[PDB]
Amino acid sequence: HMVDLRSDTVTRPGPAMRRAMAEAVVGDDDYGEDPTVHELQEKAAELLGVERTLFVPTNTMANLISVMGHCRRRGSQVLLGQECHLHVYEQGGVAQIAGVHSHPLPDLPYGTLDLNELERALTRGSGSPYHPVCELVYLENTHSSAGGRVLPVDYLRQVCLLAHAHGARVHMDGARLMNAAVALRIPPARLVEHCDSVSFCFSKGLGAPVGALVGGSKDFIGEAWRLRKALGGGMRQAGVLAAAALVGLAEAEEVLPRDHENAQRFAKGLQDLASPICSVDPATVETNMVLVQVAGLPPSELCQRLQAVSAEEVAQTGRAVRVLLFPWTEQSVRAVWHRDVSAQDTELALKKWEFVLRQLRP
């Protein structure tokens, strides 16, 4: 048996999604003739509170388009977090493709940036010609590398006040924005109100196979089209993909709460083991991610043992469960939940974790 908690991107299409793709009404999106893509873009615009949206192949391209759309001036700068996904896991595309300078600030704690450090940075070269012009403050909600932490609304409000005062825009990587809205029990628009543009990903917790989009004003999306075209994201009959994304958008408020509960149950379960090797504070499990601190064992070996199966596992547990995880830091692993991990899969992953921990107990 397999329980894959490496990422929520591994979500596979359900039967309602598979039917929607085979029954999609499509056209050439490059000509603006795909009705299902237009339906997705209009519904997502209403959900996010933006004027327009633009369907793209990946959330990577959506972030890259947004940065290029705000930071067009030669000698522009993005203020972002040093552990945000754009700065670490996107090939440095801000530089090698957008040609924009990046100024990273510490964000590990709770995915938030120190408002004092952010103000000092926004003021350093706010008018001096010797410094690059900060045209964008880049935010990520939820913050992936911090464990799926939720950015509060008031923090988002303070960032926009600080950015819009120094003549900068605000973009929010909302690759897991619905995970944040459900955690706060607020409509997603309340978070997007405090930003100029937003990314939104269907291929993670929502369960769609392919797709993301850029949200913003008409003018910003108007120029996002040319950038999508130049990067090679201007597909033809994309309504096949948008049909599946429409299904996941409707099931979001019902599917995502179960991912948060399963992650919280796992964190509480690991805590109830009182192991001197693994330590988790369930109060830090805000969404679908659990960061487990490891001691005395390299995190890679913990993932290797949890993925392997032994005859003694079948003895003291009963089942043979292969738990898939990623080593995150030098002293921690990361578990991500999604709709293909059932609550019974979660209990089985807890039992595998008990067995592995016991077989190496100091």
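Numbering starts at 1 and runs along the sequence shown.
Look at the C-alpha B-factors of 15-23 and of 349-357. On average they run higher in 349-357. 115-123 and 201-209 differ in mean CA B-factor, and the higher of the two is recorded for 115-123. Comparing C-alpha B-factors across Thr58, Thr36, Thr53, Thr329 in the deposited entry, the largest value falls on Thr329.
The residue among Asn288, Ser275, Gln96, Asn141 whose C-alpha atom has the highest B-factor in the PDB entry is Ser275. Sort the chain's modelled residues by C-alpha temperature factor and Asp154 lands in the highest third, per the entry. Annotation for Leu297: C-alpha temperature factor in the highest third relative to the rest of the modelled chain, per the entry.
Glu313: CA B factor lies in the highest third for its chain, per the PDB record. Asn63: CA B factor in the lowest third of modelled residues in this chain (values from the PDB entry). In the deposited entry, the Cα temperature factor of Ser128 places it in the highest third of its chain's modelled residues.
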